Structures are given as C-alpha cells and as structure tokens.
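Participant: Letter by letter, the first sequence follows residues 5 to 77, 87 to 115 in PDB author numbering.
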Amino acid sequence: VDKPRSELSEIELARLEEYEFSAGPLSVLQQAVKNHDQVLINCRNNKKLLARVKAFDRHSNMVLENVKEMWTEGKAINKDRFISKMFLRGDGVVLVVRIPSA
RNA sequence: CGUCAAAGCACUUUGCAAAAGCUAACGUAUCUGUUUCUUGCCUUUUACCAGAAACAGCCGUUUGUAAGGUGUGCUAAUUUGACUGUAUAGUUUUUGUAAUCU
Ligand SMILES: [Mg+2]
Numbered sequence: 005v006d007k008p009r010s011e012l013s014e015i016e017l018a019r020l021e022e023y024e025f026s027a028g029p030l031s032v033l034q035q036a037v038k039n040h041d042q043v044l045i046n047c048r049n050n051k052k053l054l055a056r057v058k059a060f061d062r063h064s065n066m067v068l069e070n071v072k073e074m075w076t077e087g088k089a090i091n092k093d094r095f096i097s098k099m100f101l102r103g104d105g106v107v108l109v110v111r112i113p114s115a
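1) Is it true that the segment 92–112 meets the segment 39–55, where meeting means three or more beta-carbon pairs spaced less than 8 Å apart?
2) Kindly list the residues whose CB is nearer than 8 Å to the CB of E69, restricted to its own chain and excluding five residues on each side of it in sequence; keep chain order.
3) Report all residues from its chain with a CB closer than 6 Å to the CB of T76; omit the five preceding and five following residues, and keep chain order.
4) Pick from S31, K88, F95: whose alpha carbon is nearest that of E73?
5) Excluding sequence positions up to five away, which residues of its chain have a Cβ less than 6 Å from the Cβ of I112?
6) With a cut-off of 8 Å on the beta carbons, I'd call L44 and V110 a contact; round off their distance for me.
7) Starting from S97 and walking both ways along the beta strand (DSSP E), at which residues does that stretch end?
8) Run through the segment 18–48 for me and flag every whole alpha helix (DSSP H) of 4 or more residues, listed as ranges in chain order.
Take a look at the structure:
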C-alpha cells in the first residue's frame, strides 16, 4: 500500500500493520497459522524448534504448542525434548522455515 | 485528561463541638451594657457628656461532625482523595554481537 512514509497517525499505522502481514515477509506466519503447517524455528543459542504456530505477534512473539526441540553438543550427541505448549519471545528468533503439511 | 481506591451524589433543615501560634480582616461591616478611674454640663437622682482600662451582651460569619428532608440514582450518577501516567524492534536501557571454549 502507498504509505511506507513512516510518519503516520494511529489509523494508518494500524493499516500498514495489517497490510504488512497481508503481503510482507511476516505474511508467511499468517497462512502458516491458517493452514497449520510445520515450522522449524532456530534460536540464537543453537536450539531447534519444530511446532505448530497457534498465534504470532508483530514482534514475532509466537505461542507454540507441540514443540519438537533438539539441541546438540565428550562426543557430539543429538538429544530431543517435547513440550506441549510454550510462549516464545520474538527476540530470540533467527529463522523460521515452514514445512508444508502436504 | 488517564489509572486506581471509597463515598451514592446535588440542594437543604436541625442538633453538637471548635475557630490567631509563626503579628493577625472569624465581620474589608459595626452597635449596646457593667465595674473602676479621669472629665463636661451641672441644685438632687435617672437620663446624660467623652476619653482610658478590665470585662460582658447582641446582630452576624466559617469549619468539622451527627441525624433527617426534597430531587434524582443504584440495570449508575456524581464527588473527594491518591498516583514513579503515554507512545516507540531501526545507535543512549525492554524485541539481544549471539552462541562457540576457557
Ligand atoms: Mg432628695
């Protein structure tokens, strides 16, 4: 939409906020929630997150349920951990990659 | 204006109590009386004259508080008080130069 000026009042700030998820990079979380797709998320401490994303924030603060979480580290040994539900601060996100359900 | 708290709220009637503390208008107003002195006019008393000191009375004022009245409400209205009250991922704090090993 034709208002990326970044000098906006509240109504147009909200308009750009919704448009950004309508079409921008963060749009992937929208149809990831709607389609309930597998998403792999990596934190900044080299931790792996696979789960459904029930909801997400504009700051990418996402609530995750059914997380498949693995961390690696003696000899390199891979270990996993399943948590039913979690709230993730968008600060620690490095990447999200969607695994299409179909 | 905002958040929180408790109080129904606005107007009004009556009772009770208090009203200088750091020199200052309870009242930006203003009367009367008693006692003790000093005076004026004076034939004697009341009524008087005009100054002071110490006391009182009356016409009023303000605040607090208690119980009521009227009109509106409790399916909300208003008032009083308190408050470290506001946005914001793009360098000076809160949307990460992190993890890695030592
Ligand atoms: Mg005689």
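Think of the CB as a built atom: it goes at the ideal place given N, C-alpha and C, for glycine as much as any other residue.
Facilitator: Answer, in terms of the structure:
1) yes
2) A55, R56, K58, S97, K98, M99
3) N91
4) Residue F95 is the option with its Cα nearest to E73.
5) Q42
6) 5 Å
7) 91–101
8) 31–39
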